[PDB]
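See below for final_4.txt, which holds compact mmCIF, C-alpha atoms and all ligand atoms.
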```txt
# COMPACT_ATOMS: atom_id res chain seq x y z
CA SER A 2 -19.85 9.77 -7.25
CA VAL A 3 -17.48 7.95 -4.89
CA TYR A 4 -19.88 8.42 -1.95
CA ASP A 5 -22.83 6.93 -3.90
CA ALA A 6 -20.64 4.03 -5.13
CA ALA A 7 -19.42 3.30 -1.57
CA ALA A 8 -23.14 3.06 -0.60
CA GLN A 9 -23.57 0.08 -2.97
CA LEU A 10 -21.39 -2.06 -0.66
CA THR A 11 -24.27 -3.77 1.15
CA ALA A 12 -23.98 -6.19 4.07
CA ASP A 13 -23.74 -9.32 1.95
CA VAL A 14 -21.37 -7.70 -0.56
CA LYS A 15 -19.05 -6.81 2.36
CA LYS A 16 -19.27 -10.38 3.69
CA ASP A 17 -18.53 -11.99 0.31
CA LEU A 18 -15.49 -9.62 -0.10
CA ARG A 19 -14.21 -10.60 3.34
CA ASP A 20 -14.74 -14.36 2.90
CA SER A 21 -13.03 -14.45 -0.52
CA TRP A 22 -10.19 -12.12 0.57
CA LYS A 23 -9.49 -14.53 3.47
CA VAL A 24 -8.37 -16.97 0.81
CA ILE A 25 -7.04 -14.70 -1.95
CA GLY A 26 -5.12 -12.38 0.38
CA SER A 27 -3.40 -15.43 1.91
CA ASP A 28 -0.83 -15.54 -0.84
CA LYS A 29 -0.24 -11.99 -1.91
CA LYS A 30 2.75 -12.79 -4.07
CA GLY A 31 1.21 -15.69 -5.98
CA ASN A 32 -2.25 -14.24 -6.48
CA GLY A 33 -0.87 -10.74 -7.08
CA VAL A 34 1.39 -12.08 -9.86
CA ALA A 35 -1.45 -14.22 -11.22
CA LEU A 36 -3.68 -11.11 -11.48
CA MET A 37 -1.09 -9.05 -13.42
CA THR A 38 -0.15 -11.88 -15.78
CA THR A 39 -3.86 -12.46 -16.50
CA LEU A 40 -4.40 -8.75 -17.20
CA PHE A 41 -1.41 -8.73 -19.58
CA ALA A 42 -2.65 -11.90 -21.31
CA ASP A 43 -6.27 -10.83 -21.65
CA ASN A 44 -5.60 -7.12 -22.30
CA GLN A 45 -2.26 -6.82 -24.05
CA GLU A 46 -3.12 -3.21 -24.83
CA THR A 47 -2.50 -2.43 -21.12
CA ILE A 48 1.18 -3.43 -21.26
CA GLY A 49 2.14 0.00 -22.56
CA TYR A 50 1.28 1.57 -19.17
CA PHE A 51 3.83 -0.75 -17.53
CA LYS A 52 6.90 0.02 -19.60
CA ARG A 53 8.93 0.58 -16.42
CA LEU A 54 8.46 -3.12 -15.45
CA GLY A 55 10.49 -4.46 -18.35
CA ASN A 56 9.60 -7.87 -19.80
CA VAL A 57 6.33 -8.72 -18.08
CA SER A 58 6.27 -12.19 -19.75
CA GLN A 59 8.98 -13.27 -17.30
CA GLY A 60 6.26 -13.30 -14.60
CA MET A 61 7.57 -14.18 -11.12
CA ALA A 62 11.20 -13.91 -12.31
CA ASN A 63 10.83 -10.20 -13.13
CA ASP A 64 11.77 -8.50 -9.88
CA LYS A 65 9.97 -5.25 -10.82
CA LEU A 66 6.77 -7.09 -11.74
CA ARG A 67 7.01 -9.07 -8.51
CA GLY A 68 7.48 -5.93 -6.40
CA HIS A 69 4.50 -4.24 -8.15
CA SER A 70 2.20 -7.31 -7.80
CA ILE A 71 2.91 -7.75 -4.10
CA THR A 72 2.28 -4.06 -3.51
CA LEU A 73 -1.01 -4.08 -5.45
CA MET A 74 -2.32 -6.72 -2.97
CA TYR A 75 -1.69 -4.33 -0.02
CA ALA A 76 -3.96 -1.70 -1.64
CA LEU A 77 -6.69 -4.40 -1.78
CA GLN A 78 -5.96 -5.29 1.86
CA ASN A 79 -6.34 -1.63 2.71
CA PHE A 80 -9.79 -1.44 0.97
CA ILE A 81 -11.03 -4.63 2.81
CA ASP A 82 -9.86 -3.23 6.14
CA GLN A 83 -11.86 0.02 5.55
CA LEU A 84 -15.16 -1.76 4.77
CA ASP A 85 -16.59 -1.04 8.26
CA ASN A 86 -16.23 2.71 7.83
CA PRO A 87 -17.44 4.27 4.54
CA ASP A 88 -15.76 7.59 5.40
CA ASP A 89 -12.38 5.86 5.74
CA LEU A 90 -12.96 3.72 2.66
CA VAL A 91 -13.73 6.78 0.58
CA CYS A 92 -10.66 8.78 1.72
CA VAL A 93 -8.40 5.74 1.06
CA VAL A 94 -9.96 5.23 -2.44
CA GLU A 95 -9.50 8.89 -3.37
CA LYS A 96 -5.90 8.75 -2.11
CA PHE A 97 -5.31 5.59 -4.25
CA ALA A 98 -6.86 7.31 -7.28
CA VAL A 99 -4.36 10.25 -7.35
CA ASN A 100 -1.51 8.32 -9.00
CA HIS A 101 -3.88 6.47 -11.36
CA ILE A 102 -5.41 9.77 -12.50
CA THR A 103 -1.89 11.13 -13.04
CA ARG A 104 -1.16 8.14 -15.28
CA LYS A 105 -4.33 8.74 -17.28
CA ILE A 106 -5.96 5.49 -16.29
CA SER A 107 -9.66 6.06 -16.97
CA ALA A 108 -12.56 4.27 -15.25
CA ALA A 109 -12.98 2.02 -18.37
CA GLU A 110 -9.30 1.12 -18.40
CA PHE A 111 -9.29 0.34 -14.66
CA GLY A 112 -12.42 -1.85 -15.07
CA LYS A 113 -10.30 -4.22 -17.19
CA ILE A 114 -9.06 -5.72 -13.87
CA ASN A 115 -12.48 -7.33 -13.36
CA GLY A 116 -11.72 -10.21 -15.84
CA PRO A 117 -8.44 -11.04 -14.08
CA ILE A 118 -10.16 -10.89 -10.67
CA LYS A 119 -12.93 -13.18 -11.78
CA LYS A 120 -10.41 -15.68 -13.16
CA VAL A 121 -8.26 -15.68 -9.99
CA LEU A 122 -11.39 -16.14 -7.85
CA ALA A 123 -12.65 -19.00 -10.04
CA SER A 124 -9.25 -20.63 -9.60
CA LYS A 125 -9.95 -20.72 -5.81
CA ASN A 126 -13.46 -22.05 -6.16
CA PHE A 127 -15.15 -18.63 -5.82
CA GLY A 128 -17.83 -18.21 -8.47
CA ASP A 129 -19.91 -15.42 -9.99
CA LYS A 130 -21.37 -14.19 -6.73
CA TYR A 131 -17.84 -13.33 -5.58
CA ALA A 132 -16.75 -11.87 -8.92
CA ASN A 133 -19.79 -9.56 -8.74
CA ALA A 134 -19.00 -8.47 -5.13
CA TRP A 135 -15.48 -7.56 -6.26
CA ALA A 136 -16.81 -5.72 -9.33
CA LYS A 137 -18.75 -3.54 -6.83
CA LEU A 138 -15.60 -2.69 -4.90
CA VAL A 139 -13.78 -1.94 -8.19
CA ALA A 140 -16.73 0.35 -9.11
CA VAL A 141 -15.92 2.51 -6.02
CA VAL A 142 -12.43 3.12 -7.45
CA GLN A 143 -13.84 3.73 -10.91
CA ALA A 144 -16.14 6.43 -9.48
CA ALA A 145 -12.98 8.27 -8.31
CA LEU A 146 -11.22 8.15 -11.67
CA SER B 2 22.94 -1.46 -2.47
CA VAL B 3 19.51 -2.26 -0.96
CA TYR B 4 20.65 -5.86 -0.41
CA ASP B 5 23.52 -4.58 1.73
CA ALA B 6 21.28 -2.44 3.87
CA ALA B 7 18.84 -5.35 4.14
CA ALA B 8 21.81 -7.33 5.56
CA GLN B 9 21.60 -5.22 8.75
CA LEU B 10 18.18 -6.66 9.50
CA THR B 11 19.51 -9.42 11.80
CA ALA B 12 17.26 -11.93 13.46
CA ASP B 13 17.08 -9.75 16.62
CA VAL B 14 16.22 -6.66 14.61
CA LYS B 15 13.48 -8.58 12.72
CA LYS B 16 11.99 -9.83 15.97
CA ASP B 17 11.87 -6.35 17.49
CA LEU B 18 10.22 -5.00 14.33
CA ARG B 19 7.55 -7.78 14.31
CA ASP B 20 6.75 -7.42 18.05
CA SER B 21 6.41 -3.65 17.93
CA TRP B 22 4.42 -3.81 14.65
CA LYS B 23 2.02 -6.19 16.38
CA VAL B 24 1.00 -3.16 18.48
CA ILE B 25 1.61 -0.21 16.18
CA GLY B 26 -0.01 -1.81 13.14
CA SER B 27 -3.17 -2.68 15.19
CA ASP B 28 -4.48 0.95 14.85
CA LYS B 29 -3.35 2.02 11.38
CA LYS B 30 -5.47 5.16 11.32
CA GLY B 31 -4.56 6.38 14.86
CA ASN B 32 -0.85 5.58 14.58
CA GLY B 33 -0.54 6.64 10.92
CA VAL B 34 -2.06 10.06 11.75
CA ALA B 35 0.11 10.41 14.90
CA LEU B 36 3.17 9.70 12.69
CA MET B 37 2.25 12.35 10.14
CA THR B 38 1.28 15.03 12.65
CA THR B 39 4.48 14.42 14.60
CA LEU B 40 6.52 14.80 11.41
CA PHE B 41 4.80 18.09 10.59
CA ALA B 42 5.29 19.33 14.18
CA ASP B 43 8.95 18.45 14.46
CA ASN B 44 9.99 19.23 10.86
CA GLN B 45 7.64 21.92 9.63
CA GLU B 46 9.59 22.19 6.32
CA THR B 47 8.28 18.74 5.34
CA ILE B 48 4.78 20.25 4.81
CA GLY B 49 6.29 21.62 1.59
CA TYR B 50 5.82 18.23 -0.10
CA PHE B 51 2.19 17.87 1.07
CA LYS B 52 0.42 20.85 -0.48
CA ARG B 53 -2.11 18.42 -2.04
CA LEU B 54 -3.33 17.45 1.48
CA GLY B 55 -4.55 20.99 2.22
CA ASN B 56 -5.06 22.02 5.83
CA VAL B 57 -2.80 19.52 7.60
CA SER B 58 -3.48 21.38 10.83
CA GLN B 59 -6.88 19.61 10.92
CA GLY B 60 -5.13 16.30 11.63
CA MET B 61 -7.40 13.25 11.68
CA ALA B 62 -10.41 15.35 10.58
CA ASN B 63 -8.75 16.18 7.28
CA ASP B 64 -9.93 13.40 4.95
CA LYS B 65 -6.94 13.65 2.59
CA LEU B 66 -4.44 13.56 5.48
CA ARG B 67 -6.38 10.66 7.04
CA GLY B 68 -6.40 8.85 3.64
CA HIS B 69 -2.64 9.32 3.18
CA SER B 70 -1.90 8.30 6.85
CA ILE B 71 -3.83 5.00 6.66
CA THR B 72 -2.16 4.18 3.32
CA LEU B 73 1.34 4.90 4.65
CA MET B 74 0.74 2.11 7.26
CA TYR B 75 0.11 -0.47 4.47
CA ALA B 76 3.60 0.23 3.08
CA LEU B 77 5.03 -0.63 6.52
CA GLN B 78 2.71 -3.71 6.74
CA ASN B 79 4.12 -4.84 3.35
CA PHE B 80 7.71 -4.35 4.53
CA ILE B 81 7.15 -6.23 7.82
CA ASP B 82 5.49 -9.10 5.93
CA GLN B 83 8.59 -9.50 3.68
CA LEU B 84 11.24 -9.59 6.42
CA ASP B 85 12.08 -13.30 6.00
CA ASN B 86 12.69 -13.11 2.27
CA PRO B 87 15.36 -10.56 1.37
CA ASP B 88 14.63 -10.95 -2.33
CA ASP B 89 10.97 -9.92 -1.84
CA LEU B 90 11.86 -7.22 0.67
CA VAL B 91 14.24 -5.64 -1.78
CA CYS B 92 11.80 -5.72 -4.71
CA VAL B 93 8.99 -4.14 -2.59
CA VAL B 94 11.41 -1.45 -1.27
CA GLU B 95 12.63 -0.54 -4.78
CA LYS B 96 8.96 -0.45 -5.99
CA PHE B 97 8.11 1.86 -3.04
CA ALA B 98 11.04 4.20 -3.78
CA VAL B 99 10.04 4.93 -7.41
CA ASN B 100 7.43 7.60 -6.50
CA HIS B 101 9.56 8.97 -3.73
CA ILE B 102 12.51 9.50 -6.11
CA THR B 103 10.14 11.16 -8.57
CA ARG B 104 9.14 13.59 -5.82
CA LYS B 105 12.80 14.31 -5.23
CA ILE B 106 12.80 13.10 -1.63
CA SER B 107 16.44 12.37 -0.74
CA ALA B 108 17.62 9.77 1.77
CA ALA B 109 18.39 12.60 4.20
CA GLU B 110 14.90 14.01 3.89
CA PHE B 111 13.31 10.55 4.20
CA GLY B 112 15.29 10.03 7.42
CA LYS B 113 13.32 12.80 9.11
CA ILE B 114 10.63 10.07 9.71
CA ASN B 115 12.91 8.45 12.37
CA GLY B 116 12.07 10.97 15.15
CA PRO B 117 8.30 10.61 14.64
CA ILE B 118 8.70 6.81 14.61
CA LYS B 119 10.64 6.92 17.88
CA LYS B 120 7.96 9.12 19.53
CA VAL B 121 5.10 6.90 18.33
CA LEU B 122 6.91 3.78 19.63
CA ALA B 123 7.58 5.51 22.97
CA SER B 124 3.88 6.48 23.27
CA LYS B 125 3.20 2.68 23.25
CA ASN B 126 6.08 2.03 25.65
CA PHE B 127 8.56 0.70 23.05
CA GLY B 128 11.98 1.97 24.10
CA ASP B 129 15.22 2.83 22.33
CA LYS B 130 15.84 -0.85 21.48
CA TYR B 131 12.78 -0.67 19.23
CA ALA B 132 13.50 2.76 17.71
CA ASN B 133 16.97 1.48 16.65
CA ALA B 134 15.38 -1.51 14.95
CA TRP B 135 13.02 0.78 13.03
CA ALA B 136 15.87 3.08 12.09
CA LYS B 137 17.55 0.02 10.41
CA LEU B 138 14.38 -0.67 8.35
CA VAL B 139 14.17 3.01 7.28
CA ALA B 140 17.88 2.73 6.24
CA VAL B 141 16.95 -0.02 3.70
CA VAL B 142 14.55 2.44 2.11
CA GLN B 143 17.19 5.19 2.34
CA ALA B 144 19.57 2.91 0.40
CA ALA B 145 17.05 2.90 -2.49
CA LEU B 146 16.61 6.70 -2.62
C1 LIG C 1 -7.23 -4.02 -8.57
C2 LIG C 1 -6.84 -2.96 -9.23
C3 LIG C 1 -5.52 -2.23 -8.97
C4 LIG C 1 -4.88 -2.05 -7.81
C5 LIG C 1 -5.27 -2.49 -6.38
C6 LIG C 1 -3.69 -1.27 -8.12
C7 LIG C 1 -2.75 -0.88 -7.18
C8 LIG C 1 -1.57 -0.18 -7.40
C9 LIG C 1 -0.61 0.25 -6.40
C10 LIG C 1 -0.70 0.04 -4.89
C11 LIG C 1 0.37 0.93 -7.08
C12 LIG C 1 1.61 1.58 -6.47
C13 LIG C 1 1.37 3.05 -5.99
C14 LIG C 1 1.05 3.98 -7.13
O1 LIG C 1 2.07 4.30 -7.81
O2 LIG C 1 -0.11 4.40 -7.37
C15 LIG C 1 0.00 0.91 -8.47
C16 LIG C 1 0.76 1.39 -9.52
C17 LIG C 1 0.47 1.38 -10.89
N1 LIG C 1 -0.79 1.09 -11.37
FE1 LIG C 1 -2.37 0.35 -10.34
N2 LIG C 1 -3.61 -1.03 -9.47
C18 LIG C 1 -4.72 -1.62 -10.01
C19 LIG C 1 -5.07 -1.59 -11.36
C20 LIG C 1 -4.35 -0.96 -12.34
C21 LIG C 1 -4.71 -0.96 -13.76
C22 LIG C 1 -5.91 -1.74 -14.33
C23 LIG C 1 -3.80 -0.24 -14.37
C24 LIG C 1 -3.54 0.07 -15.85
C25 LIG C 1 -4.32 -0.33 -16.84
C26 LIG C 1 -2.85 0.25 -13.37
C27 LIG C 1 -1.73 1.02 -13.64
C28 LIG C 1 -0.69 1.22 -12.75
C29 LIG C 1 0.68 1.59 -13.12
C30 LIG C 1 1.13 1.78 -14.61
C31 LIG C 1 1.35 1.70 -11.99
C32 LIG C 1 2.86 2.00 -11.85
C33 LIG C 1 3.68 0.69 -12.14
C34 LIG C 1 5.15 0.91 -11.86
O3 LIG C 1 5.71 1.62 -12.72
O4 LIG C 1 5.69 0.42 -10.86
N3 LIG C 1 -3.24 -0.18 -12.09
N4 LIG C 1 -1.21 0.24 -8.66
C1 LIG C 2 8.10 5.40 6.93
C2 LIG C 2 8.04 6.33 5.99
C3 LIG C 2 7.06 6.47 4.82
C4 LIG C 2 6.18 5.60 4.34
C5 LIG C 2 5.91 4.15 4.83
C6 LIG C 2 5.49 6.28 3.22
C7 LIG C 2 4.54 5.68 2.43
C8 LIG C 2 3.87 6.32 1.39
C9 LIG C 2 2.90 5.69 0.55
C10 LIG C 2 2.49 4.21 0.71
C11 LIG C 2 2.45 6.62 -0.31
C12 LIG C 2 1.42 6.39 -1.42
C13 LIG C 2 1.98 5.80 -2.71
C14 LIG C 2 2.91 6.77 -3.40
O1 LIG C 2 2.38 7.75 -3.99
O2 LIG C 2 4.14 6.66 -3.33
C15 LIG C 2 3.21 7.83 -0.04
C16 LIG C 2 3.02 9.07 -0.66
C17 LIG C 2 3.79 10.22 -0.43
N1 LIG C 2 4.90 10.28 0.34
FE1 LIG C 2 5.74 8.78 1.43
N2 LIG C 2 6.03 7.56 3.05
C18 LIG C 2 6.97 7.68 4.02
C19 LIG C 2 7.74 8.84 4.22
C20 LIG C 2 7.65 10.02 3.46
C21 LIG C 2 8.46 11.22 3.75
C22 LIG C 2 9.40 11.33 4.94
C23 LIG C 2 8.06 12.15 2.83
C24 LIG C 2 8.53 13.59 2.61
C25 LIG C 2 9.23 14.30 3.47
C26 LIG C 2 7.09 11.51 1.96
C27 LIG C 2 6.44 12.14 0.90
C28 LIG C 2 5.35 11.61 0.27
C29 LIG C 2 4.40 12.40 -0.51
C30 LIG C 2 4.51 13.94 -0.74
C31 LIG C 2 3.47 11.55 -0.97
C32 LIG C 2 2.19 11.87 -1.79
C33 LIG C 2 1.18 12.54 -0.84
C34 LIG C 2 -0.14 12.86 -1.49
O3 LIG C 2 -0.22 13.91 -2.18
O4 LIG C 2 -1.11 12.08 -1.35
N3 LIG C 2 6.89 10.19 2.34
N4 LIG C 2 4.10 7.62 0.99
```
Could I get this file's structure written as C-alpha cells?
Ligand code: HEM
Ligand code: HEM
Amino acid sequence: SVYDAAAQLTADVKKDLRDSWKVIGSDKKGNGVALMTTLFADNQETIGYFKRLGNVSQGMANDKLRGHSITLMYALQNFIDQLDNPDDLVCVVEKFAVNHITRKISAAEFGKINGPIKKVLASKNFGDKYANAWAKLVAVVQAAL
Amino acid sequence: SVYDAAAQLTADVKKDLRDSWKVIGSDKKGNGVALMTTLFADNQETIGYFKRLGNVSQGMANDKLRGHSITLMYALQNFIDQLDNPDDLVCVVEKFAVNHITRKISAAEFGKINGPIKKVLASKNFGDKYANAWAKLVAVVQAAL
C-alpha cells in the first residue's frame, strides 16, 4: 500500500534523495530530457504511450518532448519537497497517480524509469546507493498504480 | 498565439511575478489550498469539474483537495522558472494546457482563477500592481486553451 511504501523512506534514504536532487534538480531541462531519451533508448516499447510527442528522437529540438521533460522534473521536485511530511507525500503521490492510471501505466511499466534514473545519477557521480534511494521513492508511486 | 501572449510579459511584469512568487510560493500547501477554497467560494459552479476530490468543504483536511492544491503550485513554480526563456515558457504552457483542453475548460472558465489569485496576493499585502501581473501570466495559459 502507498502508506506502507511511504514508510520505507528512512532518514538516510531521505538524505540521499535530497543530496542527489540538489545536483540533478539544478538543470531540469537537461536532466529531464536526458531521462526521457534514456527511457526511449533503453525501453523502445514505451514510445507508444508518447504518440502525442511526435518524433522523440529529435530530443531537445522537439518542443513537445521538451515541455514534457521539464514538467516531469517539477513532479520530482514536488515529491522531494513533501519528504518531511508522509501525509502530504502520500496525497501528492495519489494525485500524481490519477493520470497515469488513466493511461494504463502499470507499476511494472512505471518501474522502467529506474534504469534511466540510475544512468542520469551515474553521469553526475552518484552511484548505486543513490540509485537505490531513488528506486525507493519510485516504489511509493508504484504502490499507487 | 501563445508566443504573442507571452510578449506581454515585459521586464516589469516578470519582476513583479518573481517578487510576489518569492512569498506566495514559500507556503505551497497553505496558499494552494487558499486558492482552491477561494475559487470554490466565489465561483461555486467550478466545483462541477472537481467531483473526484469529494467533500471540498473539508478544505485542507481533505487529502485529495490538499494533494491537488500542492500540485497546482508546482505548475506555477514551473511557469515562474521559465520566464526568461519564451521558448521554454511556451512549451511548458502548451504541455500544461493538454489536460485542461481534454477536460473542456475554456479560456473564459480558466480566467475565473484571477479573482482568487488577487485575493491571495492581497492577503500577503500584494496590491493591484501584482494582481495585474498575474492576470498577464494567466492570459498566456488562456491563449493555449
Ligand atoms: C519519474 C517518473 C515519472 C514522472 C515524475 C512523470 C511525471 C509526469 C508528469 C508531471 C506528467 C504531466 C501531467 C499528467 O498528465 O499526468 C506526465 C505525463 C505523462 N506520463 Fe508520466 N512521469 C513519469 C514516468 C512515466 C512513465 C515511465 C510513463 C510511461 C511508460 C509515463 C507516461 C506518461 C505519459 C504518456 C504522459 C503524457 C505525455 C503527453 O502526452 O504530454 N510517465 N508524467
Ligand atoms: C492558475 C491556475 C491553475 C493551475 C496552475 C492548475 C494546475 C493544475 C495541475 C498542475 C493539475 C494536475 C495535472 C493535470 O491533470 O493537468 C491540474 C488538474 C486539474 N485542473 Fe487545473 N489548474 C489551474 C486552474 C484550473 C481551473 C480554473 C480549473 C477548472 C475550473 C481546473 C481544473 C482542473 C481539474 C478538474 C483537474 C483535475 C483534478 C483532479 O481530479 O485531481 N484547473 N490543474
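Considering the residues A:126, A:133, A:79, A:115 and counting only C-alpha atoms and all ligand atoms, ligand LIG 2 (chain C) has its shortest atom-to-atom contact with A:79.
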### Task
Grab the CA of residue 77 (chain A) to atom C18 of ligand LIG 1 (chain C) distance for me, in Å with one decimal place.
8.9 Å
### Message
Taking (2.1, 8.3, 4.4) as a centre in this file's frame and 12 Å as the limit, can you find every polymer residue with an atom that close, using only C-alpha atoms, and give them as number ranges by chain?
### Response
A: 93, 96-97; B: 29-30, 32-38, 40-41, 50-51, 54, 65-77, 97, 101, 111, 114
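Considering all atoms listed in the file, the residue among A:124, A:21, A:107, A:47 positioned nearest to ligand LIG 1 (chain C) is A:47.
Distance check against ligand LIG 2 (chain C) using all atoms listed in the file: of A:4, A:104, A:146, A:120, the minimum falls on A:104.
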#### Entry: Between CA of residue 125 (chain A) and atom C11 of ligand LIG 1 (chain C) - distance in Å to one decimal
24.0 Å
### Summary
Computed gap from CA of residue 143 (chain B) to atom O3 of ligand LIG 2 (chain C) is 20.0 Å
